[PDB]
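Q: Pasting the sequence and an experimental structure:
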Amino acid sequence: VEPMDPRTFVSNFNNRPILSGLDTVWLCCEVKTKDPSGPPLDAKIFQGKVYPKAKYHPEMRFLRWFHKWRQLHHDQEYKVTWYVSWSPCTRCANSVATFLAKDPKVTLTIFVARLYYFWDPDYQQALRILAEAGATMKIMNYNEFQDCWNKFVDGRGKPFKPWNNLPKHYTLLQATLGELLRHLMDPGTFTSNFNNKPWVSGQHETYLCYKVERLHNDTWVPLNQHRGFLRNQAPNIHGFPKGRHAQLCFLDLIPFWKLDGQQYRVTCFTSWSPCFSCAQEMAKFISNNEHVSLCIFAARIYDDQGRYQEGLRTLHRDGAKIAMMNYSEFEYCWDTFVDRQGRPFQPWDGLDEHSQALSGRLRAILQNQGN
Amino acid sequence: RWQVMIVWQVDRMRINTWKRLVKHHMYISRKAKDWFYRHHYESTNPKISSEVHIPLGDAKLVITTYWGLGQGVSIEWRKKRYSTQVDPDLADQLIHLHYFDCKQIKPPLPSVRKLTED
Amino acid sequence: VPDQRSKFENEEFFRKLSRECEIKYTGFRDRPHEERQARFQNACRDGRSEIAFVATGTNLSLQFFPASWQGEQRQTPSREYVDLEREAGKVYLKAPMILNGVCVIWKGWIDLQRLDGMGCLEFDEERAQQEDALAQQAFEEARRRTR
RNA sequence: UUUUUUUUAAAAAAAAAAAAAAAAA
RNA sequence: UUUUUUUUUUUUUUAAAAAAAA
Ligand SMILES: [Zn+2]
Ligand SMILES: [Zn+2]
């Protein structure tokens, strides 16, 4: 391994969604067999131009280097890993996906620092084509960054120091990769957590299903490019990542789309109720943002003597449209945000009984304020 | 309804040179200090990359730049809710004879016929 | 109107624009054709889609947008229409557009099986005075001066 | 006339720290 | 990589004050 740019990779691989003033797309790949326990065969770091040219991109560097390597090496199954500073380009994506469909042996794992041009359909369709070709594309976390610093950075013995606002940008980028790649939750975790049979075993981690409409002059019309499941992050998986409760990333991701002054509502199919340490932020956020109303459908009411009644009252009073999950909303959550592969929605025992019991609890807890 | 817009169809490379030159002339240099660059998110149309607004006196030329069509350009002329589509020669004439001066520079000046090279 | 008609016979782009061009639909080309015709039928029957008509010079393309996309319901441009019930087996496109100093109605026909067709332009003298602001004189003053 | 200390503002680079980057600002 | 700011200093310019010496 020849390590290039020790210091510029701090603010060149910078986990920040919007970052201008750059000229270089970096690529830091490595090749391996089917067994990852063995040592790598080779690992060469490439540097392709950004807007300079499409023919001399880092992807084309990788395509040319794989060609020159494979005419001089044995043909076998390869498990290649990337660490790219941007996401692939339209032309690059539409050629790299062709290259993956040409050879079934080579299996990429494109790790990206920042997503390149996630807000236009011309790039989004190219990224969807690349991901459907068979390259599992994931936003880089702390561990992949540590791997990049350990292998492909000429460190002087110094360890990788993560910059300020790494995990906030990580969840801000993962929840738009999950919405730009049509990522849908498995049926198994849906029937594990989202079912509203009461908490006796399992179901430790809350989930989410957000959905954005427009409220046009005619009527409401949904946007299709802002839709996904935003599960809450694991709490301090190694201390440094911020453990966000009550889908904080949703409220924090609210302004990330640069929402227009056009008023509308956002649907939040939470598999719990917003707690006292997560609903006051919601009430303040719907206070200072008058244009966005935030309607909520909850599977089970959070009750742990956490004084949730005051938070729910001040959440409803400001203008949030909290309701409770029925078979219509459960059917929508199975139809849209879950990769059902054609299988229809199956209900459980006491769907309407539990739904009306929990909605009666919502009436008895919410509506009694001031008699 | 079926509200009508004309479109000059052009590839991503020329449209990206157009965006690069217009933001370089508003921000890096002071030639275009009065020009507006309405962003993609301020446009409620789903097929708009940008709206370069060029204030010509009390009027305002609009160069809307589109998405997912390659890409497309459309030149308007708005003054008190009155629109008017404008061909690139007239837009070039209005830009050069209202704003700029009169040869190749490392940033070429923003010309809509260099955009619509075809 | 008279000087408007004189400059209407003077524009250089108007020679190409009103020569009864061969307009074609450039939509989903890599897909099957029959489904292109079917999607033309859905798009001309739905309310949320765009349709693009390209001349032979592959530079100009008229595009129709739904009025809810901009979020402006203007009453006076309502004459734009996509007619199918007028004649069988042929779709007609009508669009009143204010091009440069003049207000011209674009009229075209396009076969549902050829997906290609004929397009042309026509002066309508109603929009000369229906524009209440009528900044065509200011437009005229702006377009004639030269440094 | 010379020397030591404090203060009001600026200048060349530096480390302390933040915000905008909608992408060749 | 770059613009806009906050807080502290190194050397210089200017002004004011306290002390010592000729
Ligand atoms: Zn690329
Ligand atoms: Zn919580």
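A: Structure's in. What do you need? Numbers count the residues shown, from 1 in each chain, chains lettered A, B, ... in the order given. Ligands and ions are numbered 1, 2, ... in the order given.

Q: I'd like to know how many residues surround residue B:44.
A: Applying other CB atoms under 10 Å in any protein chain shown, we find 16 residues neighbouring residue B:44. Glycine gets a C-beta too; all of them are placed from N, C-alpha and C.

Q: so what's it up against?
A: A:214, A:260, A:262, C:69-71 (CB atoms under 8 Å, 6 or more residues apart in numbering or on different chains).

Q: List, out of these, those positioned next to ligand 2.
A: Among those, no residue sits close to ligand 2 (CB under 5 Å from the ion).

Q: So which of the residues you listed is surrounded by the most neighbours?
A: Going by other CB under 10 Å, residue A:214 tops the contacts of residue B:44 with 20 neighbours.

Q: which residues sit in contact with that one?
A: So residue A:214 contacts A:220-223, A:262, A:264, B:44 (CB under 8 Å, 6+ apart).

Q: In TSV, list the residues you listed along with secondary structure and distance to residue B:112.
A: Formatted as TSV, the contacts of residue A:214 follow (DSSP: H, G, I helix; E, B strand; the rest coil; distance: CB to CB, whole Å):
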residue	secondary structure	distance to residue B:112
A:220	coil	37
A:221	coil	33
A:222	strand	35
A:223	strand	31
A:262	coil	29
A:264	strand	34
B:44	coil	24
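
Q: Select from the residues you listed the one having the most neighbours.
A: Neighbour counts for those were taken using other CB under 10 Å; the highest belongs to residue A:264, with 18 neighbours.

Q: By proximity to RNA strand D, which residue of chain A wins?
A: Residue of chain A nearest RNA strand D, by CB to the nearest atom of the strand: residue A:20 (3.2 Å).

Q: which phi and psi does that residue have?
A: With angles defined as degrees, to the nearest 10, residue A:20 sits at phi -100, psi -180.

Q: Then residue B:7?
A: Phi and psi for residue B:7, reported as degrees, to the nearest 10, are phi -140, psi 130.

Q: you'd agree it is up against residue B:67?
A: No: taking contacts as CB atoms under 8 Å, residue B:7 lies outside contact range of residue B:67: 11.3 Å.

Q: can you give me the helices in chain A?
A: Taking DSSP state H as the test, the helices found in chain A are A:9-12, A:58-70, A:90-102, A:121-133, A:142-152, A:166-180, A:187-189, A:248-253, A:279-288, A:308-318, A:327-336, A:351-366.

Q: Report the angle between the second one and helix A:121-133.
A: It refers to helix A:58-70. 30 degrees (axes from the mean of the first three to the mean of the last three CA atoms, to 10 degrees).

Q: ok, is helix A:58-70 in contact with RNA strand D or not?
A: No: between helix A:58-70 and RNA strand D, judged by CB under 7 Å from any atom of the strand, nothing touches; the nearest distance is 14.6 Å.

Q: If you count neighbours, what's buried in that helix?
A: Within helix A:58-70, the residues that count as buried by 16 or more other CB atoms under 10 Å in any protein chain shown are A:58-63, A:66.

Q: Need the max-distance pair from the residues you listed.
A: Within those, two members stand farthest from each other by CB to CB: A:58 and A:66, at 12.5 Å.

Q: if we can go back for a sec, for the buried residues of helix A:58-70, give me TSV that also has distance to ligand 2.
A: Listed next are those as TSV, based on distance: CB to the ion, whole Å:
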residue	distance to ligand 2
A:58	41
A:59	41
A:60	47
A:61	46
A:62	43
A:63	46
A:66	47
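
Q: In JSON lines, list those residues along with distance to residue A:319.
A: Compiled in JSON lines, the buried residues of helix A:58-70 are given as follows (distance: CB to CB, whole Å):
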{"residue": "A:58", "distance to residue A:319": "48"}
{"residue": "A:59", "distance to residue A:319": "47"}
{"residue": "A:60", "distance to residue A:319": "52"}
{"residue": "A:61", "distance to residue A:319": "53"}
{"residue": "A:62", "distance to residue A:319": "51"}
{"residue": "A:63", "distance to residue A:319": "53"}
{"residue": "A:66", "distance to residue A:319": "56"}
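
Q: Return the residue spatially closest to residue A:6, with its sequence-adjacent residues excluded.
A: Setting aside the residues directly before and after it, residue A:6 is nearest to residue A:154 in space (CB to CB, 6 or more residues apart in numbering or on different chains), at 4.5 Å.

Q: For chain A, which residues are neighbours of RNA strand E?
A: A:7-8, A:10-12, A:14, A:19-22.

Q: 10 Å instead, please
A: A:5, A:7-12, A:14, A:16, A:19-24 (CB under 10 Å from any atom of the strand).

Q: Next one: residue C:146 relative to residue C:3, how far apart?
A: Distance of residue C:146 to residue C:3, given as CB to CB, to the nearest Å: 20 Å.

Q: Looking at the two, which is more packed in?
A: Shown here are residue C:146 and residue C:3; by other CB under 10 Å, residue C:3 has more neighbours (10 against 7).

Q: now check the top helix by length along chain C, is it near chain B?
A: Across chain C, the longest stretch assigned as helix under DSSP H is helix C:33-45. No: taking CB under 8 Å from any CB of the partner chain as the criterion, helix C:33-45 and chain B are apart, separated by no less than 9.2 Å.

Q: How about that helix, which residues are buried there?
A: Buried residues in helix C:33-45 (16+ other CB under 10 Å): C:39-40, C:43-44.

Q: filter those by proximity to RNA strand D?
A: Counting by CB under 10 Å from any atom of the strand, no member of the buried residues of helix C:33-45 is near RNA strand D.

Q: what's residue C:80 in contact with, if anything?
A: Contacts of residue C:80 (CB under 8 Å, 6+ apart): B:1-4, C:64, C:94-96.

Q: That one and residue A:32, how far apart?
A: For residue C:80 relative to residue A:32 (CB to CB), the value is 59 Å.

Q: go on, residue C:18?
A: Plainly put, residue C:18 is 64 Å away from residue A:32 if you go by CB to CB.

Q: Surely residue A:238 and residue A:142 touch.
A: Yes: at 6.8 Å, residue A:238 counts as touching residue A:142 under the criterion of CB under 8 Å.

Q: which one of the buried residues of helix C:33-45 is nearest chain B?
A: For the buried residues of helix C:33-45, the residue nearest chain B by CB to the nearest CB is residue C:44; the value is 9.2 Å.

Q: Report the contact partners of the residue in chain C positioned nearest to ligand 2.
A: Closest contact between chain C and ligand 2, by CB to the ion, is at residue C:71 (37.0 Å). Applying CB under 8 Å, 6+ apart to residue C:71 gives the contacts A:216-217, A:262, B:44.

Q: let's see 7 Å
A: A:216-217, B:44 (CB atoms under 7 Å, 6 or more residues apart in numbering or on different chains).

Q: Quick check: the residue of chain A found nearest ligand 2 vs ligand 1, distance?
A: Residue of chain A nearest ligand 2, by CB to the ion: residue A:245 (3.2 Å). Separation of residue A:245 from ligand 1 (CB to the ion, to the nearest Å) stands at 37 Å.

Q: Am I right that residue B:24 falls within a helix?
A: Yes: under DSSP: H, G, I helix; E, B strand; the rest coil, residue B:24 falls within a helix.

Q: secondary structure class for the nearest residue to it once chain neighbours are set aside?
A: Excluding its sequence neighbours, the residue lying closest to residue B:24 (CB to CB, 6+ apart) is residue B:107, at 5.5 Å. Under three-state DSSP, residue B:107 falls in the coil class.

Q: Next one: the nearest residue to residue A:184 once chain neighbours are set aside relative to RNA strand E, how far apart?
A: In space, residue A:184 comes closest to residue A:339 once its chain neighbours are excluded; the distance is 3.8 Å by CB to CB, 6+ apart. The spacing between residue A:339 and RNA strand E, counted by CB to the nearest atom of the strand, to the nearest Å, is 37 Å.

Q: same check, this time on residue A:203
A: 42 Å.

Q: Kindly report the same for residue A:215.
A: Taken as CB to the nearest atom of the strand, the span from residue A:215 to RNA strand E is 35 Å.

Q: And for residue A:83?
A: Going from residue A:83 to RNA strand E by CB to the nearest atom of the strand gives 17 Å.
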